[PDB]
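Undergrad:
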Amino acid sequence: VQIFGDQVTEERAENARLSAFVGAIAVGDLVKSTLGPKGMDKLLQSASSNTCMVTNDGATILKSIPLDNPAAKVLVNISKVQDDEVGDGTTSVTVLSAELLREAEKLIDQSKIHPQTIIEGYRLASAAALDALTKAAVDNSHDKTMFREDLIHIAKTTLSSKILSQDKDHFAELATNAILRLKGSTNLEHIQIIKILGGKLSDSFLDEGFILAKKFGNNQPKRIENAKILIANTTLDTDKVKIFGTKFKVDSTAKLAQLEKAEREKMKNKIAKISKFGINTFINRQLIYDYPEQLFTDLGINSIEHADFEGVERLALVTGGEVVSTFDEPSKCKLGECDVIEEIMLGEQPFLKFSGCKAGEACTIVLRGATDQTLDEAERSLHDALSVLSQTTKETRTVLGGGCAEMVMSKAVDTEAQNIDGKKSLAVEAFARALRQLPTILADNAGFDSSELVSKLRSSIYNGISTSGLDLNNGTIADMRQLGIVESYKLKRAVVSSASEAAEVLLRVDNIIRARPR
Amino acid sequence: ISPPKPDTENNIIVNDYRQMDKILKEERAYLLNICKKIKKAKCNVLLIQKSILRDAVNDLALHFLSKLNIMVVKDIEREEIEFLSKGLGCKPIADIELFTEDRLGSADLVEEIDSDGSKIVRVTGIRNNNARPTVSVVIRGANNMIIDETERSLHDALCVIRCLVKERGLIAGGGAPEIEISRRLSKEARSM
Amino acid sequence: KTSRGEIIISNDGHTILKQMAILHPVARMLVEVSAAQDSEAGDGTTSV
Amino acid sequence: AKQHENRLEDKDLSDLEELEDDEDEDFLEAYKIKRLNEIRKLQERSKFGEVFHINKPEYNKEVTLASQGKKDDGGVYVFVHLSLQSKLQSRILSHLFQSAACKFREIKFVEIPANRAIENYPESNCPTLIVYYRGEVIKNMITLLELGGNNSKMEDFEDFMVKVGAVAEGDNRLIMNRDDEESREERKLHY
Amino acid sequence: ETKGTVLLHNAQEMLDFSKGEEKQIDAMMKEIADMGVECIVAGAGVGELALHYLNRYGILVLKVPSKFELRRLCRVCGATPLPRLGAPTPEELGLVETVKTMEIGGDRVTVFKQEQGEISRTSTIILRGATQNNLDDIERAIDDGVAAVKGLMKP
Amino acid sequence: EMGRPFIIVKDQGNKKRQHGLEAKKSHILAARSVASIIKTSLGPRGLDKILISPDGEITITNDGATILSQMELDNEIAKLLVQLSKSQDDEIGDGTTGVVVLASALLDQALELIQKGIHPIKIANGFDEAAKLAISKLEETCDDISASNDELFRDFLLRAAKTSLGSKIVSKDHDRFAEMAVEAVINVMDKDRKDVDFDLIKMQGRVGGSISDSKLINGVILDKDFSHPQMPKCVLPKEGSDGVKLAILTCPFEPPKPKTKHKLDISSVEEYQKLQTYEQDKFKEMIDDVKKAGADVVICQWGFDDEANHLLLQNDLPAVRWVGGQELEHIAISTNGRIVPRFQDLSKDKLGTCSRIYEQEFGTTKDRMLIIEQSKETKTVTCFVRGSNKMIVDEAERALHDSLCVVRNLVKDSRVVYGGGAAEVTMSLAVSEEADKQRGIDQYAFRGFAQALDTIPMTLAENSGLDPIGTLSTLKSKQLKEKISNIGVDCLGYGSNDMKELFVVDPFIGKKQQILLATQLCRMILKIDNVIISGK
Amino acid sequence: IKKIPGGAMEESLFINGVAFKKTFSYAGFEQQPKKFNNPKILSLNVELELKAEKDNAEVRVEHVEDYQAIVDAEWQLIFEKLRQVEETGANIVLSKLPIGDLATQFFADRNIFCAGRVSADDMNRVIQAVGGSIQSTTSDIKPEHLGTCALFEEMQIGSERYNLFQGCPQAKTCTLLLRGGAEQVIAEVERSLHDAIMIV
Amino acid sequence: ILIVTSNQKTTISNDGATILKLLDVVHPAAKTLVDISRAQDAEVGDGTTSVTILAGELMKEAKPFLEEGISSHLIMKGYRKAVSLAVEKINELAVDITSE
Ligand SMILES: Nc1ncnc2c1ncn2[C@@H]1O[C@H](COP(=O)(O)OP(=O)(O)O)[C@@H](O)[C@H]1O
Ligand SMILES: Nc1ncnc2c1ncn2[C@@H]1O[C@H](COP(=O)(O)OP(=O)(O)O)[C@@H](O)[C@H]1O
Ligand SMILES: Nc1ncnc2c1ncn2[C@@H]1O[C@H](COP(=O)(O)OP(=O)(O)O)[C@@H](O)[C@H]1O
Ligand SMILES: [Mg+2]
Ligand SMILES: [Mg+2]
Ligand SMILES: [Mg+2]
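Residue numbers (PDB author numbering), protein chains in the order written: chain A, 3 to 520; chain B, 241 to 432; chain C, 49 to 96; chain D, 49 to 119, 132 to 251; chain E, 260 to 414; chain F, 24 to 559; chain G, 201 to 400; chain H, 51 to 150.
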């Protein structure tokens with residue numbers, strides 16, 4: 003008795019677990035090459051308008067590619083949450099969560115372990131895993147110079163995976179200065195990344211100011227000094243009063259000539275109130291029409307038009323002033339200050355350069371590359387780098403990487419497996435052996451041995467040296483403190499918790515129900 | 241330059257029959273007195289931009305401007321207003337209250353010749369207090385496809401002059417530095 | 049000959065590569081390099 | 049076959065009087081009573097005629113519910141305008157609403173600011189034109205590049221109203237069908 | 260009939276316009292109610308404000324949204340309708356003793372049975388049956404019987 | 024036929040019929056097809072299932088109602104089971120999976136009795152008498168908990184809270200979710216411990232973070248930022264004050280305009296300047312009204328323009344826009360404030376009171392979500408649930424909703440029973456005992472219901488991987504040896520079939536509802552003889 | 201009698217009045233008390249919200265000083281319409297037409313329950329249950345026309361709220377809530393009772 | 051009887067009016083059973099079926115008489131004369147009960 007309708011695919015047998023497990027293996031193997039510093043970039047061919055996209059992050063790749071498997075959606079969704087939460091470590095969650103299901107496959111088939119036992123071991127194994135990071139962390143909050151050095155090494159670790167592995171020595175100073183500029187503001191929207199194609203990749207810079215994408219309107223000068231900035235959000239152009247039911251009962255056109263004159267008088271009166279501040283620059287988000295633009299010329303005030311609302315927030319914080327409207331009361335209102343303003347040209351589009359501002363609560367980064375795809379990859383590199391360093395301020399604790407983070411978890415996880423005697427020990431050992439594969443694929447991408455190199459890292463830590471790790475440029479074990487690579491505590495806490503809970507999803511599934519497409 | 245119609249909503253009401261003669265007199269007078277004040281500043285040529293929501297210059301206004309010997313040109317692009325003010329040194333005029341003699345430019349001859357069925361309006365001679373003069377070069381040819389390539393061929397020519405004034409110095413082309421750099425790196429390649 | 053009714057002659061490699069609609073994405077990257085060479089230098093768009 | 053139908057179909061109540069001398073009284077007066085009844089229905093349906101500048105609370109009050117009308133499925137088309145004073149096309153579309161309101165009195169013309177329309181609406185997508193009918197959205201129109209953009213005219217707007225079923229094709233008020241008196245004068249002379 | 264639209268220039272008219280409609284509708288019902296009428300047959304849709312003052316004094320409302328359905332009822336009581344909303348004339352007022360509402364076919368029906376005194380015309384026949392098709396043929400049999408009664412008048 | 028087209032009903036050739044014994048086999052096998060889906064899901068050792076909607080969205084659920092709700096079916100017999108699980112989900116919110124396998128158990132045992140030739144009404148009357156007899160026995164044996172104090176009554180909720188959380192994911196952090204679930208009801212409860220309002224506590228999930236980051240906060244969740252974010256994000260109260268003096272308004276900041284369409288005519292320039300004065304004085308009078316009222320944070324329903332941003336920023340007054348009317352219903356009850364319509368009716372008595380207002384990021388760029396917290400007990404609790412996946416946090420919502428519903432059943436007085444398969448077996452042996460003297464013709468009818476109740480313990484035996492016959496033999500022999508009836512099948516392996524020891528409790532009202540909906544549906548399905556179905 | 205998908209048929213009970221679905225969530229619904237000891241019912245028909253008065257909307261204003269007064273007049277009359285309902289002590293307010301957020305929040309402050317979005321057949325059952333009358337005007341409200349009952353209590357029934365009236369000395373209404381598993385169970389209980397009620 | 055119409059609306063009932071209401075009967079002679087069911091359901095509301103299983107037996111019993119040379123009016127005169135005695139006989143079967 004077929005209770006379901008026509009064209010209803012249902013799998014209530016071993017093929018359901020096989021179809022769900024092979025889907026994660028396909029998603030897992032897709033991202034094995036993108037992990038590590040020697041990883042290869044991937045290429046995406048869009049189906050609409052031939053809009054290509056080059057990206058190394060697994061979140062952008064898996065969201066762009068179509069996948070009809072329900073298991074693929076979990077790997078897509080866990081990567082989307084990791085991309086939005088931290089902004090780094092998405093491929094580690096995808097490859098680790100798939101390897102946990104890969105390691106759990108042989109327990110179901112060969113050893114015939116219950117699914118409730120595998121997850122029960124992962125609960126106790128994940129608990130001991132996070133406890134290892136509790137003692138393995140180090141707080142560098144007592145000294146700012148050491149914390150300044152920590153942001154360097156975290157930038158060295160995050161930027162090495164992308165195409166900027168050579169130029170990370172220069173952008174590490176650029177990345178950490180933007181974080182010390184923001185002085186704790188973890189909002190990534192306060193950094194404008196201006197995209198410019200052409201020039202050498204190392205020609206990027208970080209000017210102490212805010213760079214506009216637009217220019218002056220008609221005749222206002224390029225070079226000035228000692229300018230007072232005033233920002234406004236209201237219309238300031240052909241003021242349509244708040245009630246639209248207004249009308250003019252005109253008995254003669256001569257009186258209507260006075261009414262349009264009265265609209266110019268109040269606008270002339272409004273600009274007269276702007277001059278009471280004694281300013282030299284005025285900025286408004288709405289596009290400025292011709293009539294109020296002309297009155298700024300006689301007053302000696304500059305005018306900038308059509309600024310975006312997200313840029314007004316960046317513009318207010320770099321200038322250090324305040325957005326002013328309802329200009330009758332100039333006493334309570336506040337305005338910013340700047341030393342020099344000058345219009346520059348980087349390529350074809352001109353830009354406005356600000357330098358010497360008082361407040362430095364925000365900045366703008368100007369990137370240079372060759373192809374828009376390289377430029378774009380650069381945009382997705384500093385965003386992932388600055389996202390990790392931004393959360394490092396609120397979460398000062400850090401963890402050493404390079405295979406040492408995954409192994410010190412396995413050292414504590416393997417110790418706890420003996421005190422839980424029974425059939426659960428195989429599940430906890432499967433969680434341990436899943437963690438050994440992260441330094442394995444990191445060695446496979448560089449073209450080194452998978453067994454002997456991991457075996458040397460195994461013996462080095464149990465001897466009583468909790469600072470050993472993999473070094474990929476030479477292919478041998480080296481000290482992590484001397485090389486200077488380290489990750490944040492929130493990152494390693496996130497990928498272990500995300501990959502652990504991701505394994506809990508597709509292990510509690512036995513039946514797959516597919517309704518009709520719409 | 242048009243009859244009065246503000247951006248704010250309005251509605252003209254006629255209560256008495258004799259008011260129709262009055263408003264018709266005041267409409268042309270609103271165009272006449274504004275054109276009368278143009279004669280006070282003795283401005284001889286006017287350039288209007290592209291007008292939105294209404295006609296730029298009313299046909300009734302052209303009779304006042306044509307009898308007083310004033311050239312009228314409309315439908316100019318908005319981005320070119322910066323070009324004309326920078327070249328001619330004439331500040332724009334957005335209101336008659338700010339319309340004065342000091343803001344206007346100067347020119348010796350504004351001639352519109354008839355040649356090959358294509359009109360050209362060219363200004364001869366510029367003199368002003370301006371440290372950023374302008375330049376204009378027309379293109380002629382057989383068809384538009386050659387006009388487009390003659391423009392882009394000049395862009396590649398000006399970009400060479402832009403590069404020399406940007407970065408000082410130059411090198412001799414014709415395949416010279418490719419063989420020279422290949423010889424130089426080939427000398428050092430055997431040492432490394 | 050473009051998709052629409054416009055016809056254009058072109059010796060410039062940037063405008064040749066711009067008007068040519070390429071199916072392969074890696075070959076399409078050369079269109080952006082010529083755009084980058086045209087924006088930065090403005091000379092030798094085919095030599096790059 | 050069409051020659052007999054053009055006597056009645058292609059003549060309004062003002063034009064049907066021309067056939068008083070040629071055609072039969074009973075044949076003509078029977079159709080004039082029919083067309084006279086249709087004119088009376090449009091007068092009763094002319095509950096509008098000017099732009100309804102509404103607030104956001106009233107947005108339900110005057111738009112969706114109104115589009116139900118009598119709910132005899134007396135539906136009413138409600139053209140909403142998400143206005144924005146900064147954009148160029150918005151003031152152009154506002155002028156078309158004022159002109160179209162004076163002609164099509166049965167169709168409700170609604171306007172509201174775009175900032176007060178949708179939570180944090182993209183300004184680049186403004187102006188926006190929505191057409192409700194019986195509570196359902198018939199057309200979610202995007203900026204006026206489809207309708208010529210900055211060079212949009214009254215003739216293009218009236219043609220759009222015919223596509224959505226708001227105005228009949230052979231309506232005498234449309235500028236496409238409303239031939240000038242000088243046009244018909246020349247046709248009668250050259251006939 | 261031509262563009263009935265409110266117009267309120269100041270707040271003094273805004274305050275009295277809401278109460279003016281109530282007092283105006285109430286004042287028209289006073290002249291109707293003082294004549295001792297207790298049921299009014301309406302020809303089209305009745306407003307709610309007019310209904311509130313009708314059922315105050317216990318005046319029954321009846322819908323007859325058609326021309327012939329309204330004309331047949333005047334022949335029973337012998338009333339002369341007037342379209343004005345004023346006082347009905349006493350000579351034109353009809354005479355009906357009782358108006359009952361009972362369940363016959365499961366739906367609500369209104370009856371206008373007269374008595375032996377003050378007889379009326381245009382009587383009806385309640386025809387009960389099981390099959391709707393049989394109601395149609397028996398109804399036309401009454402039309403044939405009523406048509407046979409016409410044969411006695413002319414010759 | 025006689026040659027002419029013999030048609031009766033419209034669309035004669037499309038629809039079919041089914042009668043006799045074959046109509047019954049289509050019904051029972053259709054229930055077994057649905058029962059196999061639910062049988063491998065029930066119990067603590069169950070397994071989730073993925074329901075792919077037509078729109079591509081998926082839901083990982085192990086609840087019978089959400090599975091059957093998003094399932095595209097054709098057979099009408101399963102569609103009645105779709106509504107039976109939905110019936111258990113709406114009112115009680117516990118046992119959805121049971122009311123399907125139990126109804127199928129009555130249907131499976133009824134198949135054998137139909138083969139013997141018993142009329143279906145005698146079958147249906149037998150379960151009706153057996154169901155009321157089992158309810159009458161179980162009402163006597165269960166004990167009351169109202170005699171205990173409030174300290175022990177909290178523990179009984181923890182017994183049922185851990186029972187409801189388990190068998191679902193959210194079974195790790197389940198010890199804290201039990202305390203969090205009980206702590207939600209301690210704040211929102213009546214002084215007489217009766218008829219608590221469930222609508223005061225709404226569900227709210229957030230896609231992000233981990234399960235450990237979830238915590239309790241007494242306030243409202245708004246998915247929006249403050250207006251013009253130049254002010255500090257976390258506003259604090261004054262040094263000496265009763266609170267922050269929350270203000271709520273259902274009027275946008277604008278000049279007062281009529282609700283009807285109006286035409287303000289300005290026939291002179293002097294009147295036009297007074298309109299400019301009238302425009303500015305209204306905004307000046309507006310900010311002075313809220314200034315004198317002492318409000319710090321203002322909540323506006325219908326938004327406002329950009330003119331009020333600077334007036335609100337200079338006076339240190341945060342504000343928001345586009346707050347829906349449903350949220351204002353939640354804000355007034357939480358902060359104990361009265362929503363004023365306009366500024367003329369503004370008074371200090373109508374303003375609310377709360378501890379502090381602050382906002383955090385939760386990550387990079389997602390969205391700024393507002394948070395409110397109270398300094399004492401209030402009549403509103405908003406669960407702040409986090410999750411690493413959208414399906415995790417979506418399942419955690421309906422899982423915690425069922426947890427609050429199970430505690431809601433215990434708010435009713437004297438309704439407690441120890442589950443774990445004990446309630447099924449203790450109601451089963453008595454029905455077989457009654458049949459020995461109430462034999463009649465319905466002797467096999469009681470035996471069918473006695474065997475149908477025992478299937479849920481056998482279902483737990485299959486999922487746990489134990490021998491069913493040895494389990495039911497030990498439970499049946501133990502119930503006959505001793506009259507203590509709180510011993511059941513423990514599948515989570517803590518040893519001990521005894522159970523009060525294992526801190527598990529089910530609602531008594533939920534357990535009797537299992538056999539009622541199961542018996543009430545079985546009475547309906549057995550009445551069906553002719554099965555007419557039309558083509559789609 | 202109405203439909204309630206969800207529940208068991210055995211838990212039904214007899215009701216001396218009406219129980220109708222609200223069918224709308226108001227902004228100030230939770231603020232009102234759910235339990236009145238001595239409630240008083242008053243049936244309304246006027247639409248209690250800020251909108252056009254009588255099927256039209258056109259207001260000319262010449263002076264801007266009067267533009268403030270005409271708006272305050274609309275705010276004055278709408279509270280004058282609500283204050284006449286408040287002065288008579290009507291605890292329960294019912295209307296066929298919708299009730300706006302302005303009115304329900306005014307009633308929510310001083311412990312006055314209100315509801316709307318109900319049919320005319322439901323309204324006619326409310327009058328005969330409480331024994332009151334219909335009043336489509338707030339000015340002609342008197343104390344004598346208000347209906348009363350014993351008590352009031354809004355109870356959770358199948359994830360749907362119903363306003364219960366019961367305990368009247370003389371009730372013309374019997375309306376029971378039909379709860380069941382499937383939608384056909386509640387339907388069969390309706391048709392079985394509808395056939396039995398005609399016989400008795 | 052379980053019926054599902056074209057719009058996929060499930061219904062379960064055993065009433066002569068409800069079963070014949072959902073079934074769109076196009077046969078002209080068969081709709082007489084639909085009319086008496088609605089007529090019996092509208093007034094009394096019970097025994098709708100007993101009206102249908104009874105009319106069918108009278109028509110089924112009139113089948114062999116129509117095969118014979120019996121005219122149509124003779125069969126109708128028998129039932130119409132017999133039903134008058136059945137109504138009077140049911141008045142005697144019914145009681146004038148007032149006690150209790
Ligand atoms: N120069 C290096 N020496 C040693 N280890 C390195 C070096 N560069 C990168 N790594 C290791 O490679 C890993 C790169 O991870 P990454 O690609 O950033 O993950 P995701 O892309 O998922 O965020 C780091 O864990 C780091 O320890
Ligand atoms: N007159 C000449 N004689 C010989 N070689 C030349 C002459 N002019 C240019 N060349 C060579 O030919 C090349 C022309 O490049 P060109 O076509 O200008 O590139 P693009 O068109 O992309 O700017 C130059 O690199 C130069 O070495
Ligand atoms: N931790 C536990 N220990 C023992 N029995 C349990 C436990 N959790 C649930 N059960 C039992 O499992 C049975 C099925 O519950 P379940 O199907 O998870 O709830 P629902 O049917 O509401 O989804 C219940 O009868 C209950 O007694
Ligand atoms: Mg990385
Ligand atoms: Mg449960
Ligand atoms: Mg019966």
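Where is the CB? At the ideal position from N, CA and C, for every residue including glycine.
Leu148/D versus chain B: which residues are under 8 Å apart at the beta carbon?
TA: Going along chain B in sequence order, the residues near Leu148/D (Cβ under 8 Å) are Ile292.
Undergrad: Nearest CA to the CA of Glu384/F: which residue from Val124/F, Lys247/F, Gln337/F and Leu130/F?
TA: Selected option, being the one with the closest Cα: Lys247/F.
Undergrad: To the nearest angstrom, report how far apart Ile419/B and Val363/B are at their CA atoms.
TA: Rounded to the nearest angstrom, the two C-alpha atoms are 50 Å apart.
Undergrad: Name the chain B residues whose beta carbon is nearer than 8 Å to that of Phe246/A?
TA: Within chain B, the residues near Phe246/A are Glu249.
Undergrad: Could you check what DSSP says for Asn432/F in three-state terms: helix, strand or coil?
TA: Helix at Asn432/F.
Undergrad: What separation, rounded to the nearest whole angstrom, lies between the Cα atoms of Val342/A and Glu215/D?
TA: Taking the straight line joining both Cα atoms gives about 53 Å.
Undergrad: For the stretch 399 to 411 of chain B, list every residue whose C-beta sits within 8 Å of some C-beta in chain C, in sequence order.
TA: Residues passing the 8 Å Cβ filter: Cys399, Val400, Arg402 and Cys403.
Undergrad: So is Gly316/G in contact with chain F if we call contact Cβ pairs under 8 Å?
TA: No - not a single Cβ of chain F is within 8 Å of the one on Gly316/G.
Undergrad: Beta carbon of residue 1/F, beta carbon of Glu447/F: below 8 Å?
TA: Outside the shown range of chain F (24 to 559) lies residue 1/F, about which nothing can therefore be said.
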